[PDB]
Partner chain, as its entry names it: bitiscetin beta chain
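To begin, one chain is listed below as structure tokens, in the form deposited without its partner chain.
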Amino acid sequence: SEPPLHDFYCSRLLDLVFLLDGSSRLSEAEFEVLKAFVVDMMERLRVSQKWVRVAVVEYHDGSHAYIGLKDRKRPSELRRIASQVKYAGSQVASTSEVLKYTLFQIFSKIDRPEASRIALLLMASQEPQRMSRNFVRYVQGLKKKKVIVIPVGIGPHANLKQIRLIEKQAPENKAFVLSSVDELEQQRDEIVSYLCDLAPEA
């Protein structure tokens, strides 16, 4: 076990998934800022199987899960793993494929009905139209499992059309549209407060 590093600490029943855009729309430096944001967020959550569980997935044309909700590791080790996520700089970053992964590989088997489910979709690009056929269906599938999707649009290449579609699916699906990764730290606490408020108290 490890104590909180800050006074601001979400201590509720929540399963939170960080989905990171691995496309080259973000430079290696910007991706580091994105990871720093993820780490900063994690520090403000009571990470534990009995409180806030976390998952981290980097998506390109396919995806790489670095941390799974059930991974029983020290919060500090989980944060270290997140800080070490490798920069992909891929030509394509499919939001449809990563939402499919979230729906069928993260929240397929609900081992924790007592926790709220949230997917923080950090987007900086637009996937090829040929990969979006089931986009709306996966978002609706998530909605039906009460998996709240919070899209964070970063920069002008972010898929704003999909962000808007996501917001439309469920009231809790709130979007955060930022001009760049440098604005993430500015809105971090607001984002944490929003999602923590969504989760049940123990």
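Numbering follows the first chain given and starts at 1.
What follows is about the form solved in complex with its partner chain, which we do not show.
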- Item | Partner contact for residue 178 in the entry with it bound: its partner chain, 4.5 angstroms, heavy atom | yes
- Message: Residue-level contact is defined here as any heavy atom of the residue lying within 4.5 Å of its partner chain in the entry with it bound; does residue 164 satisfy this criterion?
- Response: yes
- Message: Within 4.5 Å, heavy atoms only: does residue 169 come near its partner chain in the entry with it bound?
- Response: yes
- Message: Whether residue 35 contacts its partner chain in the entry with it bound should be assessed with a 4.5 Å heavy atom distance threshold; does it?
- Response: no
- Task: Answer yes or no: in the entry with it bound, does its partner chain come within 4.5 Å of a heavy atom in every one of 40, 75 and 117?
- Result: no
- Task: Pull the contact list for 143-164: residues with a heavy atom within 4.5 Å of its partner chain in the entry with it bound, in sequence order.
- Result: 155, 156, 160, 163, 164
